[PDB]
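Below is one structure; the comments refer to it alone.
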Amino acid sequence: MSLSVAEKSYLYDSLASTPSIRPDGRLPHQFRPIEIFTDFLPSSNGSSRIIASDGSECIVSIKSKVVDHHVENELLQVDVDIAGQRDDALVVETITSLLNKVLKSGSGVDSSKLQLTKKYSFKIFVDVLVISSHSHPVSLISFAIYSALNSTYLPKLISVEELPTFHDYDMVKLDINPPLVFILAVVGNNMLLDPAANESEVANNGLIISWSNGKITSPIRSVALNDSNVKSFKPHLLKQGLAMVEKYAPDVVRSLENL
Amino acid sequence: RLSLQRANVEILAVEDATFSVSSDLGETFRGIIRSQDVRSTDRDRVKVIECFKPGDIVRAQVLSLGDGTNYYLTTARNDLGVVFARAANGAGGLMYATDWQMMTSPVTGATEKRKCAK
Amino acid sequence: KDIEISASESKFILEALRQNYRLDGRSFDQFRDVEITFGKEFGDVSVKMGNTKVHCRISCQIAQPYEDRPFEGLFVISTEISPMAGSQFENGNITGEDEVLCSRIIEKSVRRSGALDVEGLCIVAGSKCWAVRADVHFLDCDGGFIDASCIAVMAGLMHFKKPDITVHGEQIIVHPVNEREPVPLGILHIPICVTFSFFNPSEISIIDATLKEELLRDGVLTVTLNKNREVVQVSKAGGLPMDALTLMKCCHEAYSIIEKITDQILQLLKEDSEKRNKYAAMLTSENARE
Amino acid sequence: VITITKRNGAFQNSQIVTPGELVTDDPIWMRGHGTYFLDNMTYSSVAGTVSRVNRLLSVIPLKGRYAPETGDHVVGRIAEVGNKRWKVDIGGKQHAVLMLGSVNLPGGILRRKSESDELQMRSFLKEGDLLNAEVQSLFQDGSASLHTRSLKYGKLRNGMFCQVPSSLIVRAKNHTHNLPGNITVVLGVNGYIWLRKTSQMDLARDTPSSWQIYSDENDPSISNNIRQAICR
Amino acid sequence: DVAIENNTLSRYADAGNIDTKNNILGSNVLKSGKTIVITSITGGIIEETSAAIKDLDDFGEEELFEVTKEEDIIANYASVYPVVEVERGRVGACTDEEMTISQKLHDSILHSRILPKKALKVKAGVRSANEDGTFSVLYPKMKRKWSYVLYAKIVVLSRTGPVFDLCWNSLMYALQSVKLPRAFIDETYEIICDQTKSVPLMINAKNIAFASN
Amino acid sequence: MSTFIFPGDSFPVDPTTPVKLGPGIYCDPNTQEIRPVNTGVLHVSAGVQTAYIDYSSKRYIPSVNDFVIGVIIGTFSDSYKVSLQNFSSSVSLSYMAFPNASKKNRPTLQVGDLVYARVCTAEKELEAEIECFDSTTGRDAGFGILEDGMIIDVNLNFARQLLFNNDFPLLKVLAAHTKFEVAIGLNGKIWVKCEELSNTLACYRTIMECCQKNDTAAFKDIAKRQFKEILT
Amino acid sequence: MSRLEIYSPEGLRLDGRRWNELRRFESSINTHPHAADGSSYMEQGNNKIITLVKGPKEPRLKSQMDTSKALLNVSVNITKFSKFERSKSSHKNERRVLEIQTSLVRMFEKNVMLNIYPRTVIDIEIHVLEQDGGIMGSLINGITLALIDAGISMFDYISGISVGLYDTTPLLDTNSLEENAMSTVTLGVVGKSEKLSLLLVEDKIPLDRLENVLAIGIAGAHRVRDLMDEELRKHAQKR
Amino acid sequence: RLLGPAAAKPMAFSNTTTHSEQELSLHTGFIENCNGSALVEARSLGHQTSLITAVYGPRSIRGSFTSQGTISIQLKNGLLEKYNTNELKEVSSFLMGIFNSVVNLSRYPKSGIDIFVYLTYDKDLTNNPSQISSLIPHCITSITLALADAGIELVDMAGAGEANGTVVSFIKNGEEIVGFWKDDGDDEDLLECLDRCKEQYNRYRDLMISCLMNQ
Amino acid sequence: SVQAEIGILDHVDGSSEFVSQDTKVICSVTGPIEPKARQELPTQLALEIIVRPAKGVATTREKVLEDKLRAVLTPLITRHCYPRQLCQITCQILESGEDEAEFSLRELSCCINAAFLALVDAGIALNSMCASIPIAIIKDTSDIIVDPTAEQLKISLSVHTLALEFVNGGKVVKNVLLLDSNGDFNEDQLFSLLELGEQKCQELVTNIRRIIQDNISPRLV
RNA sequence: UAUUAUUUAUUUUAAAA
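Chains as they are written, first to last, in the deposited numbering: chain E, 1 to 159, 166 to 265; chain I, 145 to 160, 186 to 191, 195 to 290; chain A, 3 to 203, 216 to 304; chain H, 4 to 16, 52 to 246, 276 to 299; chain C, 51 to 190, 204 to 250, 271 to 296; chain G, 1 to 46, 51 to 236; chain B, 1 to 239; chain F, 8 to 26, 42 to 151, 163 to 248; chain D, 2 to 222.
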């Protein structure tokens, strides 16, 4: 739902206080309960479904294609499709352009782990289907592509240059370090991790931070969360948010790589 | 646009006699001249077809913001009304104001009733 | 921007149906008299059935086949409707329900059901093939849009002729239409559509409803048969729920119509072929001995 | 820390009647909701339990939105400012209508002529505002007609909004209650709840006009312990 | 009054420092009054097949072709495929103005006989792999044939009236400043254009025209 | 004096004699010359000398003192919304434009009802207005709802010839076969009604066929063959 | 796979079933409670469909409001990964979707009592996660089960079943491989009756063979209604 | 006609056939269609950039009842170095999140402002083989120029700079950050990125006022 | 000699069919009718011009064909006596009668003649009459020919479309509505064909006046 | 100010006297 200007000023004064009074009252580093299903699409090499606390849901499918990397530039393509939105929408093309940067072959994802012959390699097709969304889902999708890439199985290669052949039954597991994306909301001088729906509506600005190989990696953004209260932030808040994810990201990876 | 009880107009200028006026610019305002605000003598029960025509230039003082979408204008003054019109909805000659509710073109000689301003 | 039907007009037409009366004077199982007219160029056909008038235009060009079927030719069809057939149609409304359903039914009847010999349209496998296109122009709308359009396309495909091709090793040369006479397409069977309109005051079904009857309709059914007693395609979605007995009666009644219409197209094509081949008796090369 | 429930392998983890089946063949009945009449017999249109009250035969479906009735202390949000009325989001099948002659106007009546009726309403009751009112009457389609003709109903502020299913609202004499910790709850029968700090009116009226209620200005100083109480 | 700047955006702007990752074969920046016209010309290459009856090696079919063939004067000339983009502060698809100007430029270039088809032929080469001279290209009947395809994009800024005359005059300047990159094949073998060597487009100055309303 | 004329032709009337402008001729607001704009037969009547052109047309243009058959397409607070012809602009029918009207009583007319009215206002820059009783003469007989029956589409020249010219044998040849009641609208509409539907159906088919066959002498054979066919 | 036997003399098909045996039918209700008013996860064979019903609600714009009934909008989203080969979006592939969506709207607008819900709209959002033949029939089953979950009043069930005809032997619930080798008929049977609300024949079938195919089609569709009905009984008694 | 023959292929150039200071030039006010114009050009090392920005506003939105204004920024390809349409709209949403914190939105009720940036020429002269990061600072300076020329209220000037794919936009003489963009780059580096961009921001902050006070 | 029919279509106000050589164009006119919000003109009549090709979809080629056909019919219609109204003029090209990829004058000329006849059948207020002919000059023998065949177009140096405006019995050429010329020509050839065209259009309206009179006269009384 | 209103009408309670 929307929010009235009366309760908007109520949340701003309570969140910006030195004791951050969250709506649900969690800590600025606590996340909401998440349900993640994996391995349910037989036709796909990997699949996952994630259900957020506010009813948000996202489905990821992973297909593969044998391609010559000498002629195929990007070996990892992300195709996002938000329900109720057009394919040429701005809210879709931005996340599509952003997810292809966190999962860029040779950057956030090393192209060596999906190579085959000297001539050929595997191309990963990550298709995203956002069934329901209440806030910016770039962080919820990153969790879904994480659990899907860590459960993906690609056909095993059987090996003068000739076209490659694969075994009939046996398949190898795709071992790739999948980057993670976090959303941070600044409300005055307080930094919040995983902002809710109503929380992201009164925030002064937002932060997007990637995380791969146990460290902060490119890209990172500072996109707004609502056109109403867009406020410039002190550089110490950027450092505080960039340092807060370093303190709690391993707690996420440990709680996310268990599958 | 002429309705039975209102006359939709398009604001082209405004006072700053000096004024201010701006094509593909996309910047234009519009108002509504209600029948109750056409004249001061006998406000109710008038005929806007005999006071305005589509394409006529009207000098009118604003009353207030109508419904956000349109403004509310009035012409219940001697200096407010049609200030530049043409015969047969622009298909004739340049008419000029004469009486308080009569407008005529010199060359063609045709007369048409308006709500003039003089 | 739509058609207004008065309450008295709706009641009169329905009550007339309850008394076995159609305003035009046809029976409930009577198809409108179809009239095929051929233009100058091949593949130019104008169909008139009642006040409904439709004009078709066949064309072809070299195209890339589908990688799933490198040995078949393509078939394209567009059934856009202009305000010419009635101001209720908006120009540029290509995704309308009438436009989509008309294209899909003729596409299934021609391409999918093997009416057009797509394998004969293969030039070079996986590279060169004929893409036979069918353009349909709705001239005057008095109902029976897809019924008239299916007769126009099927008459145009049998009247259309493609440029000739000679196979010379690995080379292939397309003769200009001015040198060699073009070659006709391969038409296996001739599917003809028949649309049924249903009403309820014990239901009444009429064949090939006019525009006025089409607006007071409670349910529509489209069947497509050929003279080979084959059910090419059937489309029924919603409206009055019907059972298998009512459908089979519609199919048997439609077969009596599509069989006569088939013989007419074959006869009207033969008459048009002789009109434009007056001196064809002198130019015969393969002749009998003695 | 995060609690991530993980699953692998699959996609996920009285009389009952279904739509289309026969509930009774007795013509002497009064068909209610979830029930349709056909050929002197009675069939079900939804999936639920059969209800019998006197002669009213109906089927209560499982899942269902809020059905507004006459005299309901509801909490709704303003959707749009329409011609001589408001569209308030109650949570039913349709938006409920709040007529102009059914609220406590600021200056008593409209100050005209100057602006239209609709533009003058947005000055104190814009889109998205949250308030509470009572369903005065119902339309033929089931739409609710609200009214704010008392000091008890007004524009909500100084609190936070939460939503629960409408079926989980136990009926009681009082709609709003005072809670320990200087907090007041507004249990709307439509499922909309408004948790706010106890005000001067609800504390002094439940225990034993002007545009001051249409003001969006929150309370200046709220205790930090009171706001954290609303979260719990 | 008009002011133009040719080859300003072109790949061959500097004869000494020819750009590597440039694509424009020739450009022109025109400004008449307050309207601004920017016109660049990229290009591609297409392989043409020999569908002629001469390859049948039959005298009868060839004689029948020569008798029945009718003269087609404009068939020996090609045209450019322009893309007009008049910036008027709007969003959406192509305006009726942009589409009409593109069609007029195509129809006038074709009828005025600016680009004959023989003037867009590709003198095909074969680059060799001699010993440690890495590569070497040679230029001259060959089997495979090619033809140049010219694409033009026009961006009109600060439009104050009819701009078709300005788009045409800006295109006639850019056409008189394009160079066709020489092409060659290696020794699955697609064609490659030269990195620096190029030949200017032989446009007959007899047929070039200018616009005025 | 009747002659065929074309647009742009010279008007065969001297500018000395004052001539009244009718439908077909146009007075240029600039050059003040009288010139034709339509294609048809020119008519000039030798006190007042009027001139007009009789052109073939099917799109009805509202003109005052015209009897039309309209279809109600919209009910409102104080007026109906009537359509005189498809795709055309709708006309206005006020609730006070009825015999024995009252502001406290809404007329019993719904959408889809056929009304026989009179055009009382036809301003080019405004919406046309109709009424179901003559505001000038007080007439009311014949105006109002056309219950049941069937409406027919004809060109404007066929409808005008049927209402005005008493020599048009269509009405006479129809009475020779069946008794009926007819209402002719100048907007190309003809409403007929008989006791039995079979008679009304034959009247519909005859008026349809007689409209396209301009041979007036063939109306007798049309009704003879049409009424004889429905007997089968 | 490869060259297979469609209907062996031993009465066994290529996937092991028999002529009158359906694929496995696992339906689910209320799978998306916090994202729609009606939810149904349809899993018929390898077909995986998510059907979401959002309504009846106020229309976002008054341009789509009916003062006498509700508006029914069916949106079918066929994912890029529904098949083996990840299909790329084609301009021709959009026409087939519109025909399916229109056929579904016209089908359920006659069975759903839209008069009870005036001035409202009912959005049906469908996501096909995997398809393996008989996709049209499975789409019908998902809509019927999702509308019931949303409490939308209907006259009866609408069961979707697909029947194929191989030589002279009809086969129930055709999969993808069988549709590629025979003619296919999809049916929309209303409840336990023998009345059809949908009949799509997209391939050639002899007229003398169509009578029997419909009989076996409406029969097997009654079995589909039982499987859907039983799922609603178990979900209502356990809650 | 348009598009041309589908069988034609674009030209291919082979790499084996034959072989501190960042210049700036600013202009404003030259498009009659819009209210405020701008033209920024920069040529450093083997990469030349030249783009044009036009501002059409404020435009009164019919029937709108918003309290503050709405900014619409749209990037559009030009004639050289064409980027994908997805990444262009990504920079557009990043730019809109910047100017919504700079442009006085409360001073424009029931109206919107439409920005049009045309990347007319993005030359690159590298010897032998995200590239969009080198244009974000130049686009921010171009919009602020055209927004100031259009008489639109802007709370302080806005500029940015690049530091190996790291783009940071400052305000109040670098006191507060209004935008953050970083593609590729390395790790640990952050203090030197904010420093190299801040000195580049002050270089652009005063050069924009130079051409704005002359002419 | 040319063929033309009137009132062929039922569900429109006015229709026509014009034939020349092999070019066939069917045109329909409906108006005055209710215009769209983006179409209405406050003082005069709005036109909706639509021409559709015989093959394929409507491309940008027919867009400039609409713009030229619009420039001819707009001064030919008394737009001011239909304020806030719409007129839908739709031309359907049945056969092109020429090489569509090379020439489009034989279709433009027929659309003008078909639209004018359809406007007469509809009853729209026309300020005058109109005639249109295609003109070409042959390469070898620079001879001006009126209404050239399809083969003569492929052997021509320049092609021309002349649309004139006739008043007073079809004898006084009031103005030159449209003269569209493409190819190679100089000032002497222009006035040579312009003078030749003025007398070929003059006998066209004389034949058009006879065509429409043979149809409208049996309708009226 | 719903026995109020919307004009090419988004009113969805116009019934009683």
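Just so you know, even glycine gets a beta-carbon here, dropped at the ideal spot from N, CA and C.
Beta-bridge partners of residue i, as assigned by DSSP
i      : result
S75(B) : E125(B)
DSSP three-state assignment for residue i, whether helix, strand or coil
i       : result
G74(G)  : strand
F6(G)   : coil
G110(C) : helix
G38(B)  : strand
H12(D)  : coil
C58(E)  : strand
Spatially closest choice to residue i from the options, by CA coordinates
i       : options                            : result
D63(H)  : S276(H), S52(H), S82(H), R10(H)    : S82(H)
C200(H) : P23(E), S135(E), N196(E), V5(E)    : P23(E)
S112(E) : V259(E), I182(E), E252(E)          : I182(E)
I140(B) : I100(B), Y117(B), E230(B), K83(B)  : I100(B)
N53(A)  : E183(A), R106(A), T224(A), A251(A) : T224(A)
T236(H) : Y281(H), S282(H), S290(H), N228(H) : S290(H)
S64(E)  : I82(E), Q115(E), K8(E)             : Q115(E)
CB contact flag (residue i, residue j, <8 angstroms)
i       : j       : result
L52(B)  : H34(B)  : no
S107(E) : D217(F) : yes
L178(G) : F172(G) : no
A191(F) : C226(F) : no
Near-chain G residues of the stretch 166–199 of chain D - C-beta to any C-beta below 9 angstroms: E166, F167, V168, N169, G170, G171, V173, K175
Please identify, using Cβ separations under 8 angstroms, the residues of the stretch 72–86 of chain E that lie next to chain B, in order along the chain. Taking 8 angstroms as the Cβ-Cβ cut-off against chain B, the residues of the stretch 72–86 of chain E that qualify are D79, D81, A83, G84.
Give me the subset of the stretch 241–264 of chain E whose CB atoms are less than 7 angstroms from a CB atom of chain H, sorted by chain position. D257, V258, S261, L262, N264
Against chain C: residues of the stretch 53–66 of chain F by CB proximity under 9 angstroms: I53, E54, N55, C56, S59
Any residues in the stretch 34–52 of chain B with a beta carbon nearer than 9 angstroms to a beta carbon of chain E? Which ones, in chain order? Sequence-ordered contacts of the stretch 34–52 of chain B with chain E read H34, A35, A36, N46, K48, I50, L52 [C-beta pairs closer than 9 angstroms].
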